[PDB]
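I have placed the structure first, in the form of structure tokens, so that the comments after it can refer back to it.
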Amino acid sequence: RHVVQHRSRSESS
Amino acid sequence: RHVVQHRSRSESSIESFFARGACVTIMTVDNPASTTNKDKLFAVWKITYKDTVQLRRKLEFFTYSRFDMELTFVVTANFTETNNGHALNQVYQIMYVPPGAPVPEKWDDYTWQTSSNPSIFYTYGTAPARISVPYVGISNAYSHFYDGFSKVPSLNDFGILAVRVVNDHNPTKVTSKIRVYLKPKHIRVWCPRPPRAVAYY
Amino acid sequence: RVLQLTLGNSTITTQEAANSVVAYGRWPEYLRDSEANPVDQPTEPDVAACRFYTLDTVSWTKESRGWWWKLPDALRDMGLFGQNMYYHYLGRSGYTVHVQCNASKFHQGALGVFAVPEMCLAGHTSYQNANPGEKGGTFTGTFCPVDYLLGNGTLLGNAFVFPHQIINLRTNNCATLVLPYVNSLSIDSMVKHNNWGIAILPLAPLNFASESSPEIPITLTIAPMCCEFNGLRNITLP
Amino acid sequence: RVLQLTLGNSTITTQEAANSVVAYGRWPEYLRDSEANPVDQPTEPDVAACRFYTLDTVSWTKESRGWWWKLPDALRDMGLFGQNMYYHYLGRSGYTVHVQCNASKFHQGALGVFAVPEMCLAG
Amino acid sequence: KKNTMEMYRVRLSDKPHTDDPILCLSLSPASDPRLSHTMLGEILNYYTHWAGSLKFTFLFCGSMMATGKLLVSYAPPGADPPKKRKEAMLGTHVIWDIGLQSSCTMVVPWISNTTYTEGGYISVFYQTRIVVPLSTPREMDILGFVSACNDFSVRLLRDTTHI
Amino acid sequence: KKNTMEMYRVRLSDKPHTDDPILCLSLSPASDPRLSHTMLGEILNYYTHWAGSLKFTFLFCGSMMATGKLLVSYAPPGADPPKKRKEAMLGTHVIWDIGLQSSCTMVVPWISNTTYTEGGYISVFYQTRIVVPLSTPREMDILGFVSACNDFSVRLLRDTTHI
Amino acid sequence: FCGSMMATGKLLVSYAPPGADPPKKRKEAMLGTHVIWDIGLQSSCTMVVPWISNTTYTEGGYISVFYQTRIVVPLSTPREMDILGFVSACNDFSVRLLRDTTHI
């Protein structure tokens, strides 16, 4: 479950 | 019959092997007639490949996977009774609850109105409905086999499909069945394994 | 030719690395920059823990059906690797499993050494039962999983789809498997989740001349490679 | 001015290193090649164990007569330094002892902090 | 204290040297009733997955004359929180001198989605007791503030707000 | 033997010189219960038409001291299998010296779809009986492995998997 | 090793530094400094210990040998071998302050 995630803010627009 | 054939492996590709429409469930709902109705007013199904042996086997050839998911809904209704059934054309709410999101518990549950959950509103008699869910996995691949435990003293979430009929006070009971046709798309697979028998399938 | 290999304070002897397999032709490697993140933060102790660890030898007999080990499980009591595997929360590591096997020229038989990703066994619903540790478990011919099914309802003849080697005593008596980190995630808990699983099954059974040694030794030597973990990495601002 | 110093996973705050003494004007140093030997063989773990360790605070009162610590003794239960101090058989190390002392402007008194080589005490 | 102004103030006082922490805050910004209803937590409740760093910032609101030291410890995930000052010091920590700097910031990195107690801990211990000059009160308050970093990331909106 | 570990081992032993073959395997990888459930056969069951070559590989798992010769014969399709060593030798064959090479590979070319007994045969005969030095066991095992070649081709998927 | 050319097996030659009590089990030995000596491949095993110095005027370390594997013989070959051991100083080695103490 604990996954490395890159920067992603598109859905918080 | 014994024909000379040139090299041809296109149909053994992962896409050609997997990306083939196939029914994965048959949900059922009855019209919201306040006659004797239970459970019946709405259907719920957790998306899973483990309920159809063909797709299950083809996937369990491998350890890890990724794929988008083209769902296609074939709705089929009819009057439950010999009753001279007259009914204006019904509309079906086909809600897709993404992974890790609340499930409907009632016909009038709050989830049906939630903006998060994308919903199709399908008018009976029209072309079968269709949506394409992407790879909704938390990890970087769907794991068919997971050697490991939740807690130290297998399963992956694709979403849920809920279905109801929107038409409210219907006089005649109309039973309806929604065949869900899943078609994996953009399939990638990793770490092949032997197939199982057809024994525990 | 006899190649003597040293990792840290640990030395082993190999007749030759003449046929040493690399699962999927992928060598172990650290988590690359394209898949890493300075905010999901790893560190690399591949200094000391990444050494040869030699499990307690198992004895192949005429009646032996097979043995199996899980990784990183088997190394959970093995010095610094076992320490790091519990101190740290998230970790990744490849392995080098050198299955040596010591037999005369008057013994005969063959072992299939199989490295399996996500080796979920079954008669499974128990951690201690599914993770025997350093000693590993054993297969059966009828818990302990079934020989010809690998436990997972799975004809052993097809097992050669997995990374593998054949130790046929008339030819080679040792096998090496270089296993990269394989998981659905770039990094994961080592204590809750075993990525790899070694399974050694006698394809051809042991047999030997009249009064030879009745049971020969199979020795496993597992070396972590590119072992890396989290991630205590705190920024204190002025 | 307030200087915040980090060693490893360990951070302390110092008002200023304005008057920081070096015993005999000799800074800590590893064993030099002229005094070392490749057959009497050292290793250098000055990576992790060499961090700030902060002992349990003592309370200066009107009646206090003094306190004392031995080194490396005091650090014999202090994480990796204490581990290395028992795993290894022979070891050498310098130290940086930062005696901070927290008082108002309406307290008064003076402490003498003395670093003693071979501080053999007696009744 | 809850649903009052006093629910925001961690009171420091004079009492026996028990190395019990002043506070031990678990870093579950989505499900921790403390961090849950912060602005960060309020936004995280709208999403299903999220990852990044959280900067916590403790602010001392005592006298200009007060002096002392606190130990701000960070326990990574999977490690149970430290119960004594020594355990905290031998881990990752910051010794915060009150008399020198009125605030202490700490950026925790490995914060990620719960599912659908882990995440770590920020604890505060008395290194030293607090020293005041005169009849100055021996009862101070520290506040605490939390935020995501620029790196922080959320995804898969999960508005679950009904009546 | 079936559904055991012994179903994979062709036992060689010491017994009268009957030129009956050690094994005679028919090359119907889709319908032959031996080759059917190989990985090759498992994939071929998913398709309707297929063509290419199959490399078979027999592996001797006896002693390093054992010595002898086997005759690995290939009967093309339409020819009934050879029943004696001479018939096998006068056809296409490989004399496999055990003492010199522990395995023997044989690539059969004319493999194609059944319909919707033909295909050929791979047979193994004793050329010589096996020679051992001492009380060394006179009971060995040969294994066999099969695969498609790179040339091999399948088409028209026919998933037929139900309950 | 002074056994048969046919004998095969493995020994674990462990080195315990000074101040460490000797290992009592093969795992303790392996997790320390050791050499796995394959008998069938090399008939001898050399080990250079560095921190040897004057007693005074039990420490120094240990060289231990464990069975990693039991020894495998082909036939009626004897299952009773002998290993010899030899010791020497290195070129680096140094002595000083003669103390002839030889009387009757």
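Residue numbers start at 1 in each chain; chains themselves are named A, B, ... in the order of the structure tokens; ligands are numbered from 1 in the order shown.
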Next item on the list: Mind checking which residues fall within 10 Å of residue 58 in chain G, counting only C-alpha atoms, ignoring those fewer than 2 positions away in the same chain, and posting them as a ChimeraX atom specification?
Entry: /G:18-19,21,55,60-62
What does the file look like for those residues with N, CA and C atoms, as a PDB file, in the first residue's frame?
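Final file, part-v4.pdb:
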ATOM      1  N   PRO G  18      40.084 -10.576  19.391  1.00  0.00           N
ATOM      2  CA  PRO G  18      40.291 -10.576  20.837  1.00  0.00           C
ATOM      3  C   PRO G  18      39.187  -9.830  21.565  1.00  0.00           C
ATOM      4  N   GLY G  19      38.940 -10.253  22.799  1.00  0.00           N
ATOM      5  CA  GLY G  19      37.872  -9.718  23.597  1.00  0.00           C
ATOM      6  C   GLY G  19      36.524 -10.355  23.356  1.00  0.00           C
ATOM      7  N   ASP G  21      34.447 -13.781  23.105  1.00  0.00           N
ATOM      8  CA  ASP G  21      34.502 -15.190  23.434  1.00  0.00           C
ATOM      9  C   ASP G  21      34.269 -16.004  22.164  1.00  0.00           C
ATOM     10  N   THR G  55      51.361 -11.187  25.697  1.00  0.00           N
ATOM     11  CA  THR G  55      50.381 -11.483  26.738  1.00  0.00           C
ATOM     12  C   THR G  55      50.420 -10.436  27.855  1.00  0.00           C
ATOM     13  N   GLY G  60      43.632 -12.666  22.625  1.00  0.00           N
ATOM     14  CA  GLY G  60      44.345 -12.841  21.371  1.00  0.00           C
ATOM     15  C   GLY G  60      43.435 -13.235  20.227  1.00  0.00           C
ATOM     16  N   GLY G  61      42.344 -13.927  20.532  1.00  0.00           N
ATOM     17  CA  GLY G  61      41.374 -14.343  19.545  1.00  0.00           C
ATOM     18  C   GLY G  61      41.305 -15.841  19.434  1.00  0.00           C
ATOM     19  N   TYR G  62      40.562 -16.327  18.447  1.00  0.00           N
ATOM     20  CA  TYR G  62      40.411 -17.756  18.241  1.00  0.00           C
ATOM     21  C   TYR G  62      40.314 -18.036  16.754  1.00  0.00           C
TER      22      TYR G  62
END
Near-range 13-15 of chain G list (12 Å; only C-alpha atoms; drop same-chain fewer than 2 positions) as a tab-separated table (two decimals) with N, CA, C and O atoms, in the first residue's frame:
chain	number	residue	atom	x	y	z
C	9	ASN	N	33.33	-9.54	5.67
C	9	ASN	CA	34.09	-10.47	6.49
C	9	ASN	C	33.76	-11.91	6.17
C	9	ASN	O	33.96	-12.80	7.00
C	10	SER	N	33.29	-12.17	4.96
C	10	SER	CA	32.68	-13.43	4.62
C	10	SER	C	33.24	-13.92	3.30
C	10	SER	O	33.22	-13.18	2.31
C	11	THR	N	33.72	-15.15	3.28
C	11	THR	CA	34.41	-15.71	2.12
C	11	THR	C	33.81	-17.06	1.81
C	11	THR	O	33.57	-17.87	2.71
C	12	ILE	N	33.55	-17.30	0.52
C	12	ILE	CA	33.09	-18.59	0.05
C	12	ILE	C	33.95	-19.01	-1.13
C	12	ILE	O	34.65	-18.20	-1.74
G	10	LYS	N	32.34	-29.24	3.16
G	10	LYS	CA	32.64	-27.86	3.49
G	10	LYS	C	32.90	-27.73	4.98
G	10	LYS	O	32.22	-28.35	5.80
G	11	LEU	N	33.90	-26.92	5.30
G	11	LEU	CA	34.22	-26.55	6.66
G	11	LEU	C	34.11	-25.04	6.78
G	11	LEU	O	34.20	-24.32	5.78
G	17	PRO	N	37.88	-12.17	16.94
G	17	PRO	CA	38.89	-11.22	17.36
G	17	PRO	C	39.06	-11.24	18.87
G	17	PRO	O	38.26	-11.86	19.58
G	18	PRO	N	40.08	-10.58	19.39
G	18	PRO	CA	40.29	-10.58	20.84
G	18	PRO	C	39.19	-9.83	21.56
G	18	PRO	O	38.57	-8.91	21.03
G	20	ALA	N	36.36	-11.05	22.24
G	20	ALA	CA	35.15	-11.79	21.93
G	20	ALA	C	35.36	-13.25	22.30
G	20	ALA	O	36.33	-13.87	21.87
G	21	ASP	N	34.45	-13.78	23.10
G	21	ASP	CA	34.50	-15.19	23.43
G	21	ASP	C	34.27	-16.00	22.16
G	21	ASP	O	33.63	-15.52	21.22
G	22	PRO	N	34.78	-17.23	22.10
G	22	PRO	CA	34.76	-17.95	20.83
G	22	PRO	C	33.34	-18.35	20.46
G	22	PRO	O	32.49	-18.54	21.34
G	23	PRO	N	33.04	-18.49	19.17
G	23	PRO	CA	31.71	-18.94	18.79
G	23	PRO	C	31.53	-20.41	19.10
G	23	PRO	O	32.44	-21.22	18.95
G	24	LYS	N	30.32	-20.74	19.55
G	24	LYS	CA	29.98	-22.09	19.93
G	24	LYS	C	29.15	-22.83	18.90
G	24	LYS	O	29.06	-24.05	18.96
G	25	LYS	N	28.56	-22.11	17.94
G	25	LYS	CA	27.73	-22.70	16.91
G	25	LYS	C	28.11	-22.13	15.55
G	25	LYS	O	28.73	-21.06	15.45
G	26	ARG	N	27.73	-22.86	14.51
G	26	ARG	CA	28.13	-22.51	13.15
G	26	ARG	C	27.53	-21.18	12.71
G	26	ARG	O	28.14	-20.45	11.93
G	27	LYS	N	26.33	-20.86	13.19
G	27	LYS	CA	25.70	-19.60	12.79
G	27	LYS	C	26.45	-18.42	13.37
G	27	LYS	O	26.69	-17.42	12.68
G	28	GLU	N	26.81	-18.50	14.65
G	28	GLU	CA	27.59	-17.45	15.30
G	28	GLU	C	28.90	-17.24	14.56
G	28	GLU	O	29.38	-16.11	14.41
G	29	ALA	N	29.49	-18.33	14.09
G	29	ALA	CA	30.74	-18.28	13.36
G	29	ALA	C	30.57	-17.63	11.99
G	29	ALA	O	31.41	-16.85	11.55
G	30	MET	N	29.48	-17.97	11.31
G	30	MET	CA	29.23	-17.44	9.98
G	30	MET	C	28.93	-15.95	10.03
G	30	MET	O	29.40	-15.19	9.18
G	31	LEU	N	28.15	-15.52	11.02
G	31	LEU	CA	27.83	-14.11	11.15
G	31	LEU	C	29.03	-13.27	11.55
G	31	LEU	O	28.95	-12.04	11.50
G	32	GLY	N	30.12	-13.89	11.94
G	32	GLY	CA	31.38	-13.22	12.14
G	32	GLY	C	32.28	-13.35	10.94
G	32	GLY	O	31.84	-13.52	9.80
G	33	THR	N	33.58	-13.25	11.20
G	33	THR	CA	34.59	-13.38	10.16
G	33	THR	C	34.88	-14.86	9.94
G	33	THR	O	35.22	-15.57	10.89
G	34	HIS	N	34.75	-15.32	8.70
G	34	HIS	CA	34.92	-16.73	8.42
G	34	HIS	C	35.29	-16.95	6.97
G	34	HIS	O	35.20	-16.05	6.13
G	35	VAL	N	35.71	-18.18	6.70
G	35	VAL	CA	36.02	-18.67	5.37
G	35	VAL	C	35.32	-20.01	5.25
G	35	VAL	O	35.53	-20.90	6.08
G	36	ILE	N	34.49	-20.16	4.23
G	36	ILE	CA	33.93	-21.47	3.92
G	36	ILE	C	34.91	-22.18	3.01
G	36	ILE	O	35.12	-21.78	1.86
G	37	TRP	N	35.50	-23.24	3.53
G	37	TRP	CA	36.56	-23.99	2.88
G	37	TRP	C	35.92	-25.23	2.25
G	37	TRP	O	35.47	-26.13	2.96
G	38	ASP	N	35.89	-25.25	0.93
G	38	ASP	CA	35.40	-26.41	0.19
G	38	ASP	C	36.56	-27.38	0.04
G	38	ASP	O	37.57	-27.08	-0.61
G	39	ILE	N	36.41	-28.55	0.65
G	39	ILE	CA	37.47	-29.54	0.68
G	39	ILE	C	37.74	-30.07	-0.72
G	39	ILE	O	38.89	-30.23	-1.14
G	44	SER	N	43.82	-27.03	1.11
G	44	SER	CA	44.28	-26.24	2.23
G	44	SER	C	43.51	-24.93	2.31
G	44	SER	O	42.90	-24.48	1.34
G	45	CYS	N	43.56	-24.34	3.49
G	45	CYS	CA	42.95	-23.03	3.75
G	45	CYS	C	43.90	-22.25	4.63
G	45	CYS	O	44.27	-22.72	5.71
G	46	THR	N	44.27	-21.06	4.18
G	46	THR	CA	45.13	-20.16	4.93
G	46	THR	C	44.33	-18.99	5.48
G	46	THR	O	43.38	-18.52	4.85
G	47	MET	N	44.74	-18.51	6.65
G	47	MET	CA	44.05	-17.44	7.36
G	47	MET	C	45.09	-16.64	8.12
G	47	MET	O	45.77	-17.18	9.00
G	48	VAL	N	45.21	-15.36	7.79
G	48	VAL	CA	46.19	-14.47	8.42
G	48	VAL	C	45.46	-13.63	9.46
G	48	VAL	O	44.62	-12.80	9.13
G	49	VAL	N	45.80	-13.85	10.73
G	49	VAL	CA	45.24	-13.12	11.86
G	49	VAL	C	46.16	-11.96	12.20
G	49	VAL	O	47.38	-12.16	12.25
G	50	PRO	N	45.64	-10.71	12.37
G	50	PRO	CA	46.54	-9.56	12.49
G	50	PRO	C	46.92	-9.05	13.88
G	50	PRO	O	48.04	-8.56	14.06
G	51	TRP	N	46.03	-9.14	14.86
G	51	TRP	CA	46.20	-8.41	16.13
G	51	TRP	C	46.80	-9.31	17.21
G	51	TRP	O	46.23	-9.51	18.28
G	60	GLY	N	43.63	-12.67	22.63
G	60	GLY	CA	44.34	-12.84	21.37
G	60	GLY	C	43.44	-13.23	20.23
G	60	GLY	O	43.72	-12.90	19.07
G	61	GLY	N	42.34	-13.93	20.53
G	61	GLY	CA	41.37	-14.34	19.55
G	61	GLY	C	41.31	-15.84	19.43
G	61	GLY	O	41.90	-16.56	20.24
G	62	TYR	N	40.56	-16.33	18.45
G	62	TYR	CA	40.41	-17.76	18.24
G	62	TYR	C	40.31	-18.04	16.75
G	62	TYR	O	39.77	-17.24	15.99
G	63	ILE	N	40.86	-19.18	16.35
G	63	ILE	CA	40.60	-19.78	15.05
G	63	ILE	C	39.83	-21.05	15.35
G	63	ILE	O	40.35	-21.96	16.00
G	64	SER	N	38.59	-21.10	14.89
G	64	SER	CA	37.72	-22.24	15.10
G	64	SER	C	37.40	-22.89	13.77
G	64	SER	O	37.46	-22.25	12.72
G	65	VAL	N	37.07	-24.18	13.82
G	65	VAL	CA	36.66	-24.92	12.63
G	65	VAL	C	35.38	-25.66	12.95
G	65	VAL	O	35.31	-26.39	13.95
G	66	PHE	N	34.37	-25.47	12.12
G	66	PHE	CA	33.07	-26.11	12.24
G	66	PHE	C	32.77	-26.91	10.99
G	66	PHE	O	33.29	-26.61	9.91
G	67	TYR	N	31.92	-27.91	11.12
G	67	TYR	CA	31.32	-28.54	9.96
G	67	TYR	C	30.22	-27.65	9.42
G	67	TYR	O	29.20	-27.44	10.09
G	68	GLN	N	30.41	-27.13	8.21
G	68	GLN	CA	29.29	-26.56	7.47
G	68	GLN	C	28.43	-27.68	6.92
G	68	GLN	O	27.22	-27.72	7.14
Within 10 Å of chain E, which residues of chain C show up when using only C-alpha atoms, listed as a short mmCIF file (atom, residue, chain, number, x, y, z; two decimals) with C-alpha atoms, in the first residue's frame?
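Output file out28.cif follows:
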data_model
loop_
_atom_site.label_atom_id
_atom_site.label_comp_id
_atom_site.auth_asym_id
_atom_site.auth_seq_id
_atom_site.Cartn_x
_atom_site.Cartn_y
_atom_site.Cartn_z
CA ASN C 37 11.58 10.80 -4.92
CA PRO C 38 13.49 13.17 -2.56
CA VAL C 39 10.36 13.26 -0.36
CA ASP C 40 9.80 9.48 -0.32
CA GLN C 41 13.29 9.05 0.97
CA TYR C 86 13.36 -4.66 11.41
CA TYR C 87 14.76 -1.22 12.27
CA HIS C 88 13.78 0.16 8.88
CA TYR C 89 10.15 0.15 7.79
CA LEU C 90 10.54 -0.04 4.01
CA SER C 189 7.95 -3.82 3.92
CA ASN C 230 14.21 4.19 4.42
CA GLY C 231 14.51 7.04 5.38
CA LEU C 232 15.04 8.78 8.74
CA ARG C 233 15.62 11.90 6.74
CA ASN C 234 14.37 15.00 8.53
CA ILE C 235 14.81 18.63 7.52
CA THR C 236 15.06 21.11 10.40
CA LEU C 237 14.45 24.68 9.31
CA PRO C 238 15.97 27.83 10.87
#
Using only C-alpha atoms, I'd like a table of the residues in chain B that come within 6 Å of chain F; for each, show the closest atom pair and its distance in Å rounded to one decimal, ordered by chain and ascending number, as a Markdown table.
| residue | atom | partner | partner_atom | distance |
| --- | --- | --- | --- | --- |
| B:7 | CA | F:153 | CA | 5.8 |
| B:8 | CA | F:153 | CA | 5.2 |
| B:9 | CA | F:153 | CA | 5.5 |
| B:11 | CA | F:155 | CA | 5.7 |
| B:54 | CA | F:161 | CA | 5.8 |
Notebook entry, point to check: What gap, in Å, lies between CA of residue 73 in chain B and CA of residue 129 in chain B?
Noted result: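 So the two atoms, CA of residue 73 in chain B and CA of residue 129 in chain B, lie 5.0 Å apart.
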Note to self: as JSON, numbers by chain, please: the residues near range 25-41 of chain D (cut-off 8 Å, only C-alpha atoms, same-chain neighbours under 4 positions excluded).
What the structure shows: {"D": [21, 93, 94, 95], "G": [50, 51, 92]}
Kindly export the residues of the current selection with N, CA and C atoms, as a PDB file, in the first residue's frame.
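Result file is again_23.pdb:
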ATOM      1  N   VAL D  21      37.013  26.007  24.074  1.00  0.00           N
ATOM      2  CA  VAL D  21      38.389  25.686  24.428  1.00  0.00           C
ATOM      3  C   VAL D  21      38.783  24.365  23.792  1.00  0.00           C
ATOM      4  N   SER D  93      39.102   8.014  20.736  1.00  0.00           N
ATOM      5  CA  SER D  93      38.147   9.030  20.340  1.00  0.00           C
ATOM      6  C   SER D  93      38.420  10.303  21.109  1.00  0.00           C
ATOM      7  N   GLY D  94      38.334  11.426  20.406  1.00  0.00           N
ATOM      8  CA  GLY D  94      38.196  12.712  21.040  1.00  0.00           C
ATOM      9  C   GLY D  94      36.750  13.017  21.309  1.00  0.00           C
ATOM     10  N   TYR D  95      36.530  14.158  21.949  1.00  0.00           N
ATOM     11  CA  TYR D  95      35.198  14.539  22.382  1.00  0.00           C
ATOM     12  C   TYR D  95      35.011  16.032  22.216  1.00  0.00           C
TER      13      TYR D  95
ATOM     14  N   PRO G  50      45.644 -10.715  12.367  1.00  0.00           N
ATOM     15  CA  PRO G  50      46.540  -9.559  12.490  1.00  0.00           C
ATOM     16  C   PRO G  50      46.919  -9.051  13.881  1.00  0.00           C
ATOM     17  N   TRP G  51      46.031  -9.140  14.865  1.00  0.00           N
ATOM     18  CA  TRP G  51      46.205  -8.412  16.131  1.00  0.00           C
ATOM     19  C   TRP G  51      46.801  -9.306  17.212  1.00  0.00           C
ATOM     20  N   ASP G  92      56.172  -9.095   8.679  1.00  0.00           N
ATOM     21  CA  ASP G  92      55.983  -7.929   9.536  1.00  0.00           C
ATOM     22  C   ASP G  92      56.364  -8.199  10.986  1.00  0.00           C
TER      23      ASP G  92
END
Check: Between CA of residue 134 in chain F and CA of residue 98 in chain F, what is the distance, to one decimal in Å?
Finding: 17.2 Å
Next item on the list: Going by DSSP on the backbone, which bits of chain E are helix (DSSP H, G or I)? Write them as a list in words, please.
Entry: residues 6, 7, 8, 39, 40, 41, 42, 43, 44, 85, 86, 87, 88 and 89 of chain E
Using only C-alpha atoms, find each residue of chain A with at least one atom at most 10 Å away from an atom of chain B; report its shortest atom-to-atom pair and that distance in Å (one decimal), sort the rows by chain and rising residue number, and return the result as a tab-separated table.
residue	atom	partner	partner_atom	distance
A:1	CA	B:138	CA	6.5
A:2	CA	B:139	CA	8.0
A:3	CA	B:139	CA	6.0
A:4	CA	B:139	CA	8.6
A:5	CA	B:139	CA	9.5
Give me the residues of chain C that have any atom at most 10 Å from an atom of chain G; for each, the nearest atom pair and the distance in Å, rounded to one decimal. Use only C-alpha atoms, sort by chain and number, and format it as CSV.
residue,atom,partner,partner_atom,distance
C:1,CA,G:41,CA,8.7
C:2,CA,G:41,CA,6.6
C:3,CA,G:41,CA,9.6
C:4,CA,G:36,CA,9.4
C:5,CA,G:35,CA,9.7
C:6,CA,G:35,CA,8.7
C:8,CA,G:33,CA,8.4
C:9,CA,G:33,CA,4.7
C:10,CA,G:34,CA,5.5
C:11,CA,G:35,CA,4.7
C:12,CA,G:36,CA,4.9
C:13,CA,G:38,CA,6.2
C:14,CA,G:38,CA,8.3
C:15,CA,G:41,CA,6.7
C:51,CA,G:31,CA,9.5
C:52,CA,G:30,CA,8.9
C:53,CA,G:30,CA,7.1
C:54,CA,G:30,CA,7.0
C:55,CA,G:27,CA,7.9
C:56,CA,G:68,CA,7.4
C:57,CA,G:69,CA,6.3
C:58,CA,G:69,CA,8.7
C:59,CA,G:69,CA,9.0
C:77,CA,G:31,CA,9.9
C:78,CA,G:31,CA,6.9
C:79,CA,G:31,CA,6.2
C:80,CA,G:31,CA,9.0
C:101,CA,G:9,CA,8.8
C:102,CA,G:9,CA,5.9
C:103,CA,G:72,CA,6.3
C:104,CA,G:74,CA,5.1
C:105,CA,G:74,CA,6.7
C:106,CA,G:74,CA,5.4
C:107,CA,G:74,CA,7.1
C:208,CA,G:74,CA,8.1
C:209,CA,G:75,CA,6.4
C:210,CA,G:75,CA,6.6
C:211,CA,G:75,CA,5.2
C:212,CA,G:75,CA,4.2
C:213,CA,G:72,CA,5.6
C:214,CA,G:72,CA,8.7
C:215,CA,G:72,CA,8.4
C:216,CA,G:72,CA,6.6
C:217,CA,G:69,CA,6.1
C:218,CA,G:69,CA,8.3
C:219,CA,G:69,CA,7.7
Could you build a table of the residues in chain D lying no more than 9 Å from chain C, giving for each the nearest pair of atoms and their separation in Å rounded to one decimal place, using only C-alpha atoms, ordered by chain and ascending residue number, as a Markdown table?
| residue | atom | partner | partner_atom | distance |
| --- | --- | --- | --- | --- |
| D:4 | CA | C:238 | CA | 7.9 |
| D:9 | CA | C:234 | CA | 7.9 |
| D:11 | CA | C:236 | CA | 8.5 |
Could you dump the residues just selected with C-alpha atoms as a compact mmCIF listing (two decimals), in the first residue's frame?
# COMPACT_ATOMS: atom_id res chain seq x y z
CA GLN D 4 22.06 25.35 15.27
CA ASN D 9 20.10 12.65 13.38
CA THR D 11 20.52 18.69 16.51
